[PDB]
Structure formats: structure tokens, C-alpha cells
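Next up is one chain by itself, shown in C-alpha cells, the form deposited in one PDB entry.
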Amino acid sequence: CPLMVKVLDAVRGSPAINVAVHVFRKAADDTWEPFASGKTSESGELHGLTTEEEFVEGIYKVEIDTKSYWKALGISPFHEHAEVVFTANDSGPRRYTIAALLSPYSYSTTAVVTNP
């Protein structure tokens, strides 16, 4: 499972559950082609987005629907989404964990990359 996303809520001190995540891959014409998407689980994790074979080298964008999350809590959000844009697999397959920590007016993200 070479791409995993984990999302946490800094207001409530919890996983961010049922958060939509879209992944895009930059196409030859410089547009963002849909690649994979899903929603975080009760643990704030989203597994099963892709497979080693599907996950070719390229520039990927992970877009996390932070706005819907805050609106369902009735808290005013600043951002439309949180983004994570990176080149993947250009030296062969790697496993990427993208973590995001959400506040209404801030987010932080980090990547953990391992070589299988």
C-alpha cells in the first residue's frame, strides 16, 4: 500500500474522521488528472488509495477537504483544502505516508518516505 494519508484534528484532539482526500497526477499537458480518492477512517487514516503498479512516477497532488470537515463541526475554516504536491517514485517505488494536522486557520503536513 504505497500511499497512505493520516489526518488529525487539533481543535478536538482526535483523528479527523470521514475526511475526503483526492489525489491527482500531473498529466503531459500540465493539467491535474484524477488519480485516486477516498475518505479517512475512524482512525483518521486512508489506506488502499493505490497499488505499486498503478503508482507510477510523476508529480502528485494530495488535496484534503478540510473545509467540509470544519463546516460539519460548525467552525469557521480559512482554507478551501490542504495540499501536498510532490514528485514520487522517480528512483523506483517508495512508500509515502502523508500526515496532516488541521486547525481552522492553519495546517501542518509531513511526509514519511520508505524504500520497500
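Take the two forms, find the largest set of C-alpha atoms that superpose within 1.5 Å, and that set is the rigid core. Residue numbers run from 1 along the displayed sequence.
Keep in mind the form deposited in another entry is missing from the figure; the text below concerns it.
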The residue to pick from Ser68, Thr50, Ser37, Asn89, given a Cα shift of 2 Å or more between this form and the one not shown after core fitting, is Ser68
Superpose on the rigid core, then tell me if the C-alpha of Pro104 is displaced by 2 angstroms or more between this form and the one not shown. yes
Look at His79 and decide if its Cα position differs by 2 Å or more between this form and the one not shown after superposing on the rigid core. yes
So the Cα-Cα distance between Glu80 and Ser41 shifts by 3 Å or more in that other deposited form; is it shorter or longer than what we see here? closer
Kindly indicate if, in that other deposited form, the C-alpha atoms of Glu80 and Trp32 are closer or farther apart than in the structure shown, bearing in mind the change is 3 Å or more. farther
